[PDB]
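Below is one structure, written out as structure tokens; the observations come after it.
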Amino acid sequence: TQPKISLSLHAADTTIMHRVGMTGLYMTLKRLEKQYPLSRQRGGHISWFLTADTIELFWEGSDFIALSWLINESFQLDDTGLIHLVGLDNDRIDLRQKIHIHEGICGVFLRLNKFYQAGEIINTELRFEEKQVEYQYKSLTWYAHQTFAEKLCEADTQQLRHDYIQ
DNA sequence: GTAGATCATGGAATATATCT
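Start counting the first sequence at 5; every next residue gets the next number (PDB author numbering).
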């Protein structure tokens with residue numbers, strides 16, 4: 005069907021950050037079709053067509069629910085409070101690297117508490133060479149990434165905005 | 001009712017005789 009969202013690497017207006025975000029979209033949708041191969045498991049019956057340098061999106065019904073499902077599935081938080089990005093393969097990533105990436109992302113992206121609410125400081129004593137070093141980190145509860153869908157879509161029409169967004 | 005100012009909210013070589 006017609007693309008409500010069209011994205012190409014060859015577009016002139018894009019910058020480097022837009023391209024790396026495009027790659028992030030590509031990998032998270034790859035991991036989603038690995039997790040949800042079938043159409044009706046995908047919220048809002050989203051359908052993505054992926055090429056070497058193009059990502060293509062169609063869905064059914066109102067946009068708000070579709071992007072809400074996409075965002076909620078994309079960014080998640082495990083029980084330990086660490087970041088859970090489906091684009092990266094968390095299964096074969098150990099807990100130390102998970103702590104590394106979570107600490108990095110709160111230290112560079114979520115640098116401000118106006119965008120995220122943190123949990124309790126969770127300390128775990130991981131065992132290396134008969135040494136239980138206590139890894140101490142601040143767990144999270146919510147962040148603006150999980151709820152950017154409200155800003156992305158119009159409030160009244162529950163559809164994507166047709167103007168520039170601050 | 002809205003725009004500007006304020007406040008919260010952060011993680012842990014010479015002389016001499018001679019010729020003319």
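From the three backbone atoms N, C-alpha and C, an ideal C-beta is built for every residue, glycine too.
Quiz prompt | For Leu36 and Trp52, the rounded distance between their alpha carbons | solution = 10 Å
Practice problem: Give the secondary structure of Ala122 by DSSP, where H, G and I count as helix, E and B as strand, and everything else as coil. | Solution: strand
Self-check item: Pick from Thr151, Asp98, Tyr141 and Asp57 that is closest to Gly111, judged by C-alpha positions
Solution: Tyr141
Practice problem: Rank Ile103, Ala148 and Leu81 by C-alpha distance to the C-alpha of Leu116 and give the top, closest one. | Solution: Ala148
Exercise. For the region 16-78, list the beta strand (DSSP E) runs that are entirely contained and at least 3 residues long, ordered along the chain.
Key: 51-54 and 58-62
Quiz item: Can the beta-carbon of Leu61 be found less than 8 Å from the beta-carbon of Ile9?
Solution: yes
Quiz item: Under a Cβ-count criterion, where at least 16 other Cβ atoms within 10 Å of its own Cβ denotes burial, should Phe132 be classed as buried or exposed?
Solution: exposed
Self-check item: Where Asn94 falls, given that 16 or more other Cβ within 10 Å makes a residue buried
Solution: buried
Practice problem: Would you list the residues sitting across from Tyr147 in a DSSP beta bridge? | Solution: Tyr120
Quiz item: Looking at C-alpha atoms only, which residue of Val90, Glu107, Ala56 and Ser43 is the closest neighbour of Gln150?
Solution: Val90
Exercise. From the DSSP output, in three-state form, read off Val112 for me.
Key: helix
Exercise. Would you tell me roughly how many angstroms separate the C-alpha atoms of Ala153 and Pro41, rounded to the nearest one?
Key: 23 Å
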